[PDB]
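**Student:** I am attaching a structure below and will ask some questions about it afterwards.
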Protein chains: 4
Amino acid sequence: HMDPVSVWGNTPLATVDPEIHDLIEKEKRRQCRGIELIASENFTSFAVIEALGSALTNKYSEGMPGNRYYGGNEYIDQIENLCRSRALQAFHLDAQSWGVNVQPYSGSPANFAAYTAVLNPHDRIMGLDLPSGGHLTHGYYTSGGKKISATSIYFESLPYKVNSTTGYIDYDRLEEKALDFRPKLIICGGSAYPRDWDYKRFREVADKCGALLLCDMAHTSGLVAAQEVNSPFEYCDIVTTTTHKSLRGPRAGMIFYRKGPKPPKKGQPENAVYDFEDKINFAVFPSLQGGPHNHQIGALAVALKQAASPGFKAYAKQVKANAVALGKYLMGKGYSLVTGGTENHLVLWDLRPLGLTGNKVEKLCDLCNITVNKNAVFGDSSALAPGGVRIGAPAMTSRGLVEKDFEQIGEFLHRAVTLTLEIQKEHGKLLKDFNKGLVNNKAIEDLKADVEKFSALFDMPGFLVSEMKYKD
Amino acid sequence: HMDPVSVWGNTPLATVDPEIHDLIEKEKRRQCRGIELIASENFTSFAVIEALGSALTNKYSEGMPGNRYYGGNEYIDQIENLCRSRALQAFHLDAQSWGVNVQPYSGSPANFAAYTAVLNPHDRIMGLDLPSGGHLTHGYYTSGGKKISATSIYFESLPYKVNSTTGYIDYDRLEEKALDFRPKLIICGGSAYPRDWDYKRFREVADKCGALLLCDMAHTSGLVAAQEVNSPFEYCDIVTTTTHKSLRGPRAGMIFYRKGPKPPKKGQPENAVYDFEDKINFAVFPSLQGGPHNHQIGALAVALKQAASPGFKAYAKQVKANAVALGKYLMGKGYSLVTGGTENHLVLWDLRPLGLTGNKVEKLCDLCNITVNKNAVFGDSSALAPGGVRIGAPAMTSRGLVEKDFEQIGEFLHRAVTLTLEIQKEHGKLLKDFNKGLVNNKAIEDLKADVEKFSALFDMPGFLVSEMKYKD
Amino acid sequence: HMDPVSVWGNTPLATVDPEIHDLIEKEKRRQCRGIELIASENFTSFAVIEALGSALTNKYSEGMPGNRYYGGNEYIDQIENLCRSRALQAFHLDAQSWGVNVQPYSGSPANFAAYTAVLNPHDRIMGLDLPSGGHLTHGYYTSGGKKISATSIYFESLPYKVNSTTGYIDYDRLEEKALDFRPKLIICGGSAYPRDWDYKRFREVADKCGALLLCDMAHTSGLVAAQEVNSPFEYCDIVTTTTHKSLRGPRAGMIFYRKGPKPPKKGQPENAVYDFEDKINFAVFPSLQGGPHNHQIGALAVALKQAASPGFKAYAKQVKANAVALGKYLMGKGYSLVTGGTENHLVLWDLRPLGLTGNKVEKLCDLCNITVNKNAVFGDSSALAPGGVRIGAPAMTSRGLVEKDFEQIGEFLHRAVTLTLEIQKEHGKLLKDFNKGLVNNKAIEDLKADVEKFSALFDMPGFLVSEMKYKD
Amino acid sequence: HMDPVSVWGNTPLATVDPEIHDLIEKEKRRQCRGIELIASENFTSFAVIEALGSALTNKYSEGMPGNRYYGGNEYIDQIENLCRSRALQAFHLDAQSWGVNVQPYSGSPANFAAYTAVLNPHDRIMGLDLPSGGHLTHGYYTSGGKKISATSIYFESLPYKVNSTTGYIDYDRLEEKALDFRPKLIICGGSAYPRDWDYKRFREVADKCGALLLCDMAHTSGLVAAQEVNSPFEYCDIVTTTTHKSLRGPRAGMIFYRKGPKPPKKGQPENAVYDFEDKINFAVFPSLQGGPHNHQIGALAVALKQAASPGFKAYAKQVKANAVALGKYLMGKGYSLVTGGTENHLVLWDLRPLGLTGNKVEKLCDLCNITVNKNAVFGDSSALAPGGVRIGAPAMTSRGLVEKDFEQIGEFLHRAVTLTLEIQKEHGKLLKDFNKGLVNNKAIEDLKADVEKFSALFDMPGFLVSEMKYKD
Ligand SMILES: Nc1nc(O)c2c(n1)NC[C@H](CNc1ccc(C(=O)N[C@@H](CCC(=O)N[C@@H](CCC(=O)O)C(=O)O)C(=O)O)cc1)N2C=O
Ligand SMILES: Cc1ncc(COP(=O)(O)O)c(CNCC(=O)O)c1O
Ligand SMILES: Cc1ncc(COP(=O)(O)O)c(CNCC(=O)O)c1O
Ligand SMILES: Cc1ncc(COP(=O)(O)O)c(CNCC(=O)O)c1O
Ligand SMILES: Cc1ncc(COP(=O)(O)O)c(CNCC(=O)O)c1O
């Protein structure tokens, strides 16, 4: 005989699965008692999380609102229509000129569907090279020729790079490359580029070689919504994004695409209109995905409502101000930030002049409750032992930190990188040797203690710190 | 000035976003006051949903446990390790012989990653034709030559079919086709095939043509874990699955793959071992996906713990018994079931002897709170007006229904299709004619009420019905 | 110092290069002192050979007549124009309905250009399976899955097969395969198919699945021109051919293509016209080839004039009558011919009932100055050790042989195969054993001498036997 | 009844086809009464033409010597073995370190076969851009993105370019491109590059990106054999060539490839040997070609014997000296030669400083019995109305012309380009206007008369002028 429904189906997680409950509680503590500096991370709201964790997960709704492959979607259709309208509203787009698909499971699924919509297999793409700051899905293959992203396997990639001495995109070399290589699609936006984008120039290059132009604004989408960085929609045909980075929503993707009359082009027929909508929609489903994750879509609708608030614009300005204040602190100590600063939410920090790799700094930081990620920098031949570390402001800004707080974060990072170098100098560069300095290191314990003291001063979205299992 | 953290970040959904709150509440009522017969749907536990809606959503954790691209993953690593271990445990797999990747965002991402791991672009694949019961992602292009799934775009697909008379897989024709086409990969498992699979014969065919053999058990994975249907692991190299269908977990995908020594095969060196693990992991990340959805992985860990329990085996047994009891009832009313019954959780109902298409039935059912999906059957060209309806037992079985209750479901469907016919007979076969009959039809309203009365008799997992915003 | 022009440039081959001169004389004797039965070989005229060895070899003439990439093509243009017009005249084609490109270097270049003109890489093609009698370039990969022809590498091939009972094309299986596989191009015509083609049925199949229909008439092109076999032009979009087989010209290829209004088709604009010409021309040059071989084109113009003569119709009738007479003679001795006879210039002889493979027969025959080729038959998994031999009538018919002479050839082959049996019986079935019977075998020497005595009874085109260097 | 063999088969071309005979005679007069300056043309020997027009055309010989798919190849095998050995001897190659395939039908088939041997579809290649001097088959697509050569369709091409100011290959930019694009194959050699090649630098670049290195020596093959330009064999993996340009043979191609021990490289095993042979042979047949053209192979063996003689080295020296003397003359008149001279057999003449396109010079020259070809120059978008004209020395040097004779050719060209200018000034630049200036032009008739008088002074290889039909 079956269990009663209530026993398996209505009993709380803390009773059904104490192990997973306990680990989530440990993760909750970790999230609010360290300094979380991964530039792609945020702390989303409790309201988002309540939508995310809901009966919306139970629904199959393949297709489009009002034209589904399954019955029962009366309310799912309203949620998805609301999410789409809030997505357009959040970025101040007119529905006559822009549509959006909110079904991508994540950012990488959003980009692959966008590419599948407008490209045939082996069509040519160019995006920012990963060590220059571009994303995996922008066509990444290594300088040794190893195809890493499937966007370099199913499509033909030729990346463009930053200037090797300034760290800024070399728009002249971008243009010359696009004219030689003749891409069908040029991708802009990136994962570790600390400056804004001259989308107008990208449009000029795309028009000179007849390419489509797509912006992936995943990292800065919240800053775009808040009108705090350049808008890609003014110049790009398609804009993809994640929703969980600076937009501060659930993990999901969106694809924005132009609709309606095309701008005037020579030879182009009169009355020409954009043709993205049906192809984008079809590429997401049925080409690539299956059932939408409606709990993500519902949670995303919440997040887009929250991103369209006056409070969110001030958040986005604070993120930029915090990144700049951090950047100034680090550069004052002599740390090598790419481009010597930032115009967005992140800094990219070249550790090679110190004789360090990013994995060592990431590991030492981790032991002090400082959460970063190692990161490739220009000319790197390793991702797991790269020459850089990347620091972002969104997550801690979401806990309310301001510029002086991010100067203190800079001080903690200076202490952490100093300690990293000291350990390497005393114990050596090999990881087996370096790891010996990570044990019973009083300076690690001091820095960890200072970090948690600091972290505990601030509020925390998403859950009630007062109610967590693991207390101070 | 920024908003206080608590206002945007800790306030409940019901206050932050009353529209989305209200829409979720309406969907909760719909789920527990209708008859939910989509074969791919289930009702998952509250405990799963609590892990799904949690701070795990905030974490970036690309890579493998213990070897990540980001700091801060000490607990996320334990959660993913626990999830992988429980996945092996739930299917009684020896870790020396099988591994599993639990990062796929959903079923379609799991399949595309499995394909990408073992196939080059344009390599040949054979799966069950969609009108014969196979899935979109098994290489679906239409009988008109339209490439629908991206599996038929990036790879070269040729489907195998069921016998056009019996509805069973024609294993002789499968073999002839495999030796002609010479696929690199043969896929078994399906979405609407009401019978079990002779995996041993699939292995014999794969071995004769030199193909890899992959089973997609998405639909029956819960039945497989409970050992209530044939096990694909006995004969398949790779097993993909979703976790939200009969497995009753969150929406996610899993890829199982063989490890360790290869079985004796002539022309193969001694001491040869499987090489799937690294290709599978790399295909999931960094080839295709980005950050894992750790809230999904934690929720999946809960579901896998729930699936290994003795109560789950009783559940899987009951799902099968309910499907059989419903099939016997419908056949007793003279309806046409593909293969004349079922061996799993679903029945496939051919409506063409009745002069109906499944969109008519799905819509009529929908206005009566009977949630089904139209379904292609053999020879169909239209997906949006196909010849069949698919009915599955997992979701209502999870509410505690047994065989006599599924006989009542059978009578409700019999009433539903009878009324669909009368609407057609009275108003017309052209959809615009037929749709006249769906306006203030007292017989629809009566059937809808009766369905609600029946549904209200049963418990409901995932949320407390006594607590929902909308009652009677 | 520069040699004087006359010493290197005007001295006859016999003086400049006695080795090659001598080898050519040895080959000349071989050609008129053996029985030459390779079905794709012919003996072309001295007039063709005089054009072939001419100053036309010196000219670069890329492009089209009157629109070349080089100067000096006044006369090359008239030659190519004359060749094209003669090609249309030889097949009784209306220039308003058919065009022809005569630049392909050989048959395989002609086919690859035709495919390149109308297909993208990886588009699907269906041709007759090589063991069923199809050609390499029709998409050959082996029953072991090895891609042999580039047509199966750059395109996606799936062959259709003969019925194993009758040896004829199975047209219902062809249709079913075409409807399953959905080729963009269906190829008909073959290399070892001894029967005619139902081009009308091929057209019905191609129309049903939306495919282009190409006939490769290389082997029977001379019989087509003489209206002695079915005309592919009645039903095919494109007809490719070599010119050195039954057409009895130089080695070259030709692509014929439809021009002008398309036939009425529901699902086709009015006034729709064929669009092959420019694609076919462009695929030949500049896509694939370089400079035309103008000596070949001149020689081809000669051959096309000869093919359009009353004597050539009598020759084509004789080729067919000789093939039938040979087939009946062999079949009267108890041998197995695929399909039980022939309707064209060749017979396909299945040696497996005798316990023989074609290499053994081919090698024994070769030692006896009987020139055949081993040939795959239905079921074969080896090309260098296949189960059949192919025999053709064009070359010996061109020396003037008539039916009674081909009955004598039949008796020579009967002696050859009988001796092959006796060697195998005496020495063994393994090749290392069998080859011991080929050394100092008086019976081979006797058969060789009898073959030469018979062969010397007949005239010989292309050169004068009375003037060859190596006399009897 | 059939015609007698003698009537159709042994009768001379003059009787069988007076039309083709007459047209060939007209071409013969044109070849020895004008100035033939197409850099890719030559006048081959009578001995070559006698082998070309021989019974060798009748033989099918698919396969390799001693391992054929047909009987009867005793003498064809000896001819092909001899050709290959003479090919290695002509280029001073040790058979232990180099092999050659002499079956390619022409230059473009040779290159496509070499590519097919070592590349998969869509693998990356880099060749000299066509306007910079590279060949079509080196991956040519236009600056507008139109794929012209199939080598840019079946493979992924990114050309390298000359320095726009100097006309010389920019080896630094080649290296940067190669490191960014990561080609599998780098091609060197070209069609209109007037300088020698730094094969060492190409090898350094190929090694830095892990590419194969192929040289297409078609144009300068004869200069390479005579050791009068740099040898590509010192540094290249594969060397392809035509045989009809400076090598002065029939129209055919060859593919040379390394054999035996590989050069030392860390990571490469000891005892590593090259593996090109089987792949190259297989790519030629059975992958791409069908039956070898044995008359071309036999003719090629003759040409290779002639090329290995002492007079040929003097010929190759004279070719280079004549091209230089011609170049100096044109520059002395103020004309603009790409790179301001030549190190090989050709000059590339930029007409754009004159306000002329090459088609006008080609047409006017053609009316004056001066055979040139228009040629793309750097930055050209048009090939039929390009910016340049290309002049080569091989053909007229073969008639015995020396430097003073090529200075008169320079004067004839000066007169011709002067005349082209006068006509364009008088009648206009639109083709319809310019062409009317080509009628009743006394300066054209005077220059034509002078050209014929000059041309009649010289001997002529390949046929006896004293014997032609159209005497002067
Ligand atoms: N119907 C029909 N269609 C045609 O197109 C033709 C025809 N008849 N007759 C004449 C001619 C045959 N041309 C062919 C036919 C097939 C193949 C072909 O399949 N070649 C593979 C296998 C070769 C093989 O058999 N190897 C041994 C082992 C010993 C060893 O490999 O040395 C083994 O595997 O047993 C390879 O090269 O790998 C190559 C050339 N031809 C067109 O020209
Ligand atoms: C066999 C099979 N495989 C994969 C999937 C894809 O799962 P996602 O939707 O998570 O991408 C499905 C979904 N089938 C849904 C249905 O049959 O209604 C499936 O049936
Ligand atoms: C520009 C960009 N685009 C797309 C993605 C993909 O999102 P998913 O991980 O959801 O697939 C990322 C993730 N970048 C993660 C990081 O920069 O740390 C990104 O930076
Ligand atoms: C470098 C090069 N390679 C290959 C070829 C092709 O040869 P075929 O034409 O035989 O295919 C050419 C011909 N180039 C002709 C010219 O430069 O005028 C060539 O110049
Ligand atoms: C039908 C067919 N098509 C094309 C070709 C190719 O012709 P080339 O060899 O000129 O490339 C052949 C050659 N078949 C050779 C044989 O049957 O013996 C052929 O049989």
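For the structure tokens, the naming scheme is as follows: chains receive sequential letters (A, B, ...) according to their order of presentation, residues are indexed from 1 within each chain, and ligands are indexed from 1 in presentation order.
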Would you kindly report the residues of chain B within 6 Å of chain A, using only C-alpha atoms, as an mmCIF file with N, CA and C atoms, in the first residue's frame?

**Tutor:**
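Ended up saving to iface_38.cif:
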data_model
loop_
_atom_site.group_PDB
_atom_site.id
_atom_site.type_symbol
_atom_site.label_atom_id
_atom_site.label_comp_id
_atom_site.auth_asym_id
_atom_site.auth_seq_id
_atom_site.Cartn_x
_atom_site.Cartn_y
_atom_site.Cartn_z
ATOM 1 N N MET B 2 19.168 53.854 -1.323
ATOM 2 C CA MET B 2 18.681 52.507 -1.567
ATOM 3 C C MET B 2 17.538 52.184 -0.613
ATOM 4 N N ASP B 3 16.608 51.348 -1.075
ATOM 5 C CA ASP B 3 15.595 50.808 -0.182
ATOM 6 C C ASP B 3 16.248 50.015 0.949
ATOM 7 N N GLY B 9 13.664 42.830 -0.059
ATOM 8 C CA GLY B 9 14.401 41.587 -0.011
ATOM 9 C C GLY B 9 13.908 40.513 0.936
ATOM 10 N N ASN B 10 13.093 40.879 1.929
ATOM 11 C CA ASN B 10 12.564 39.910 2.875
ATOM 12 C C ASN B 10 11.042 39.858 2.913
ATOM 13 N N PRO B 12 7.238 39.034 1.981
ATOM 14 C CA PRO B 12 6.651 37.890 1.260
ATOM 15 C C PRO B 12 6.139 38.264 -0.122
ATOM 16 N N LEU B 13 6.166 37.264 -1.021
ATOM 17 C CA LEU B 13 5.619 37.408 -2.374
ATOM 18 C C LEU B 13 4.218 38.032 -2.367
ATOM 19 N N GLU B 27 -3.383 28.716 -9.793
ATOM 20 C CA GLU B 27 -2.832 27.491 -10.351
ATOM 21 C C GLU B 27 -2.803 26.371 -9.318
ATOM 22 N N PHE B 43 2.913 15.604 -9.356
ATOM 23 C CA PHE B 43 2.788 16.554 -8.255
ATOM 24 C C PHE B 43 3.903 16.240 -7.271
ATOM 25 N N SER B 45 6.670 16.790 -4.015
ATOM 26 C CA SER B 45 6.470 16.973 -2.585
ATOM 27 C C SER B 45 6.760 18.412 -2.169
ATOM 28 N N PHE B 46 6.155 18.813 -1.047
ATOM 29 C CA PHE B 46 6.503 20.085 -0.421
ATOM 30 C C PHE B 46 7.995 20.164 -0.119
ATOM 31 N N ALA B 47 8.587 19.057 0.346
ATOM 32 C CA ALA B 47 10.006 19.062 0.702
ATOM 33 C C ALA B 47 10.875 19.389 -0.509
ATOM 34 N N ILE B 49 9.880 21.151 -3.067
ATOM 35 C CA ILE B 49 9.595 22.542 -3.396
ATOM 36 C C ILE B 49 10.334 23.489 -2.452
ATOM 37 N N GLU B 50 10.479 23.104 -1.181
ATOM 38 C CA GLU B 50 11.216 23.938 -0.229
ATOM 39 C C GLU B 50 12.701 24.021 -0.584
ATOM 40 N N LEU B 52 13.726 23.637 -3.674
ATOM 41 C CA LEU B 52 13.706 24.347 -4.951
ATOM 42 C C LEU B 52 13.655 25.856 -4.747
ATOM 43 N N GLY B 53 12.819 26.320 -3.818
ATOM 44 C CA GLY B 53 12.777 27.727 -3.483
ATOM 45 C C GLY B 53 13.659 28.020 -2.294
ATOM 46 N N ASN B 58 21.260 31.335 -5.364
ATOM 47 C CA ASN B 58 22.221 32.433 -5.469
ATOM 48 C C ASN B 58 23.628 32.002 -5.879
ATOM 49 N N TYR B 70 34.730 28.619 -9.174
ATOM 50 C CA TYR B 70 34.318 29.683 -8.265
ATOM 51 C C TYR B 70 34.591 29.246 -6.839
ATOM 52 N N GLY B 71 34.931 30.207 -5.987
ATOM 53 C CA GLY B 71 35.007 29.933 -4.570
ATOM 54 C C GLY B 71 33.631 29.811 -3.941
ATOM 55 N N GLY B 72 33.641 29.405 -2.671
ATOM 56 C CA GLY B 72 32.456 29.413 -1.842
ATOM 57 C C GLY B 72 31.552 28.210 -1.976
ATOM 58 N N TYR B 75 29.514 23.875 0.527
ATOM 59 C CA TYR B 75 28.247 23.186 0.787
ATOM 60 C C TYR B 75 27.539 22.765 -0.484
ATOM 61 N N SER B 108 15.636 17.977 -22.178
ATOM 62 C CA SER B 108 16.161 18.286 -23.501
ATOM 63 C C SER B 108 17.624 18.692 -23.401
ATOM 64 N N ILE B 148 12.424 19.827 -37.056
ATOM 65 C CA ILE B 148 11.710 20.445 -35.944
ATOM 66 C C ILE B 148 12.644 20.512 -34.743
ATOM 67 N N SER B 149 13.148 19.365 -34.315
ATOM 68 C CA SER B 149 14.093 19.371 -33.214
ATOM 69 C C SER B 149 15.474 19.740 -33.718
ATOM 70 N N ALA B 150 16.234 20.440 -32.873
ATOM 71 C CA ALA B 150 17.632 20.689 -33.197
ATOM 72 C C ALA B 150 18.442 19.406 -33.242
ATOM 73 N N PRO B 286 32.194 22.609 -19.865
ATOM 74 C CA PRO B 286 31.770 23.914 -20.348
ATOM 75 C C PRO B 286 31.190 23.957 -21.756
ATOM 76 N N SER B 287 30.884 22.816 -22.366
ATOM 77 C CA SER B 287 30.485 22.850 -23.768
ATOM 78 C C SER B 287 29.143 23.541 -23.946
ATOM 79 N N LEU B 288 28.151 23.183 -23.129
ATOM 80 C CA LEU B 288 26.777 23.582 -23.405
ATOM 81 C C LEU B 288 26.152 24.479 -22.351
ATOM 82 N N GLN B 289 26.265 24.123 -21.082
ATOM 83 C CA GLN B 289 25.590 24.859 -20.032
ATOM 84 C C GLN B 289 26.547 25.855 -19.405
ATOM 85 N N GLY B 290 25.999 26.673 -18.519
ATOM 86 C CA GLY B 290 26.770 27.576 -17.682
ATOM 87 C C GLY B 290 26.678 27.090 -16.246
ATOM 88 N N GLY B 311 7.811 3.243 0.166
ATOM 89 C CA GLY B 311 6.563 3.828 -0.278
ATOM 90 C C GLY B 311 6.581 4.181 -1.750
ATOM 91 N N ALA B 314 5.684 1.160 -3.901
ATOM 92 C CA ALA B 314 4.236 0.979 -3.900
ATOM 93 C C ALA B 314 3.570 1.997 -4.815
ATOM 94 N N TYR B 315 4.085 3.227 -4.825
ATOM 95 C CA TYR B 315 3.562 4.252 -5.718
ATOM 96 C C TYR B 315 3.707 3.822 -7.171
ATOM 97 N N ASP B 366 -10.223 20.522 -21.344
ATOM 98 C CA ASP B 366 -9.685 21.681 -20.634
ATOM 99 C C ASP B 366 -10.801 22.526 -20.020
ATOM 100 N N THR B 371 -7.295 17.741 -17.629
ATOM 101 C CA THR B 371 -6.061 18.234 -18.214
ATOM 102 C C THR B 371 -5.381 17.066 -18.908
ATOM 103 N N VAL B 372 -5.434 17.082 -20.225
ATOM 104 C CA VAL B 372 -4.815 16.086 -21.060
ATOM 105 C C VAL B 372 -3.982 16.847 -22.085
ATOM 106 N N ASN B 373 -3.320 16.118 -22.962
ATOM 107 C CA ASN B 373 -2.752 16.754 -24.141
ATOM 108 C C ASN B 373 -3.097 15.940 -25.375
ATOM 109 N N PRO B 461 -0.290 16.638 -2.622
ATOM 110 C CA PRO B 461 1.075 16.950 -2.188
ATOM 111 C C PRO B 461 1.543 18.297 -2.719
ATOM 112 N N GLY B 462 2.601 18.817 -2.087
ATOM 113 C CA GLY B 462 3.288 20.005 -2.545
ATOM 114 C C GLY B 462 2.854 21.274 -1.842
#

**Student:** Residues of segment 248-472 of chain D classed as alpha helix (DSSP H) by DSSP on the backbone are to be reported as a count of residues only.

**Tutor:** 104

**Student:** As a count of residues only, please: the residues near residue 138 of chain C (cut-off 10 Å, only C-alpha atoms, same-chain neighbours under 6 positions excluded).

**Tutor:** 23

**Student:** Skip segment 440-442 of chain C itself and residues of its chain fewer than 4 positions away, then list as a ChimeraX atom specification all residues within 12 Å of it, counting only C-alpha atoms.

**Tutor:** /C:364,367-368,419-420,422-423,435-436,446-449

**Student:** Have a look at atom CA of residue 377 of chain C and atom 11 (O, counted along the ligand's line) of ligand 5 and let me know their distance in Å, one decimal.

**Tutor:**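 Atom 11 (O, counted along the ligand's line) of ligand 5 lies 20.8 Å from atom CA of residue 377 of chain C.
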
**Student:** Among segment 150-289 of chain B, which ones does DSSP assign to strand (DSSP E or B) (computed from the backbone)? Answer as JSON, numbers by chain.

**Tutor:** {"B": [156, 157, 160, 162, 169, 185, 186, 187, 188, 212, 213, 214, 215, 216, 238, 239, 240, 241, 242, 253, 254, 255, 256, 257, 258, 261, 273]}

**Student:** Export C-alpha atoms of the chosen residues as a compact mmCIF listing (two decimals), in the first residue's frame?

**Tutor:**
# COMPACT_ATOMS: atom_id res chain seq x y z
CA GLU B 156 21.54 13.41 -38.94
CA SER B 157 18.37 11.65 -37.83
CA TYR B 160 12.43 3.91 -36.54
CA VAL B 162 6.16 0.96 -34.71
CA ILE B 169 8.11 -1.40 -32.18
CA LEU B 185 23.90 6.37 -31.76
CA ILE B 186 20.62 4.52 -31.34
CA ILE B 187 18.10 6.00 -28.93
CA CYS B 188 15.40 4.04 -27.15
CA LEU B 212 26.23 3.36 -29.13
CA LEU B 213 22.95 2.69 -27.30
CA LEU B 214 21.24 5.40 -25.24
CA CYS B 215 17.97 5.02 -23.36
CA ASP B 216 15.93 8.11 -22.55
CA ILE B 238 24.07 5.92 -21.57
CA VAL B 239 20.75 6.54 -19.83
CA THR B 240 19.23 10.00 -19.82
CA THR B 241 16.20 11.05 -17.87
CA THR B 242 14.17 13.92 -16.59
CA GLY B 253 17.81 16.20 -16.22
CA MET B 254 20.30 13.50 -15.37
CA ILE B 255 22.79 11.61 -17.53
CA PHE B 256 23.93 8.16 -16.41
CA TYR B 257 26.88 6.57 -18.19
CA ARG B 258 28.88 3.37 -17.98
CA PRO B 261 35.81 -2.37 -17.81
CA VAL B 273 37.37 0.57 -20.23

**Student:** Have a look at atom CA of residue 444 of chain A and atom CA of residue 415 of chain A and let me know their distance in Å, one decimal.

**Tutor:**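 Atom CA of residue 415 of chain A lies at a distance of 9.4 Å from atom CA of residue 444 of chain A.
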
**Student:** Atom CA of residue 388 of chain A and atom CA of residue 434 of chain A, how far apart in Å?

**Tutor:** 17.6 Å

**Student:** When you look at residue 329 of chain A with a cut-off of 8 Å (counting only C-alpha atoms), what residues show up, excluding the ones that are within fewer than 6 positions of it in the same chain? I need them as a PyMOL selection string.

**Tutor:** chain A and resi 407+410-411

**Student:** Suppose we keep N, CA and C atoms; can you now write the selection as a compact mmCIF listing (two decimals), in the first residue's frame?

**Tutor:**
# COMPACT_ATOMS: atom_id res chain seq x y z
N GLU A 407 35.48 50.00 0.18
CA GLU A 407 36.88 50.23 0.51
C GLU A 407 37.35 49.24 1.57
N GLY A 410 38.03 46.19 -0.16
CA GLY A 410 39.34 46.29 -0.82
C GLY A 410 40.47 45.98 0.14
N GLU A 411 40.39 46.52 1.35
CA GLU A 411 41.38 46.23 2.38
C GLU A 411 41.44 44.74 2.69

**Student:** Can you tell me which residues surround residue 99 of chain B at a distance of at most 12 Å, considering only C-alpha atoms, apart from same-chain residues fewer than 5 positions away, and format the answer as a PyMOL selection string?

**Tutor:** chain B and resi 81+83-89+91-94+233+237-240+254-260+274-278+280-281

**Student:** Nearest to ligand 5: which of C:33, C:339, C:376, C:354 is it, counting only C-alpha atoms and all ligand atoms?

**Tutor:**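 For ligand 5, the nearest of the candidates is C:376.
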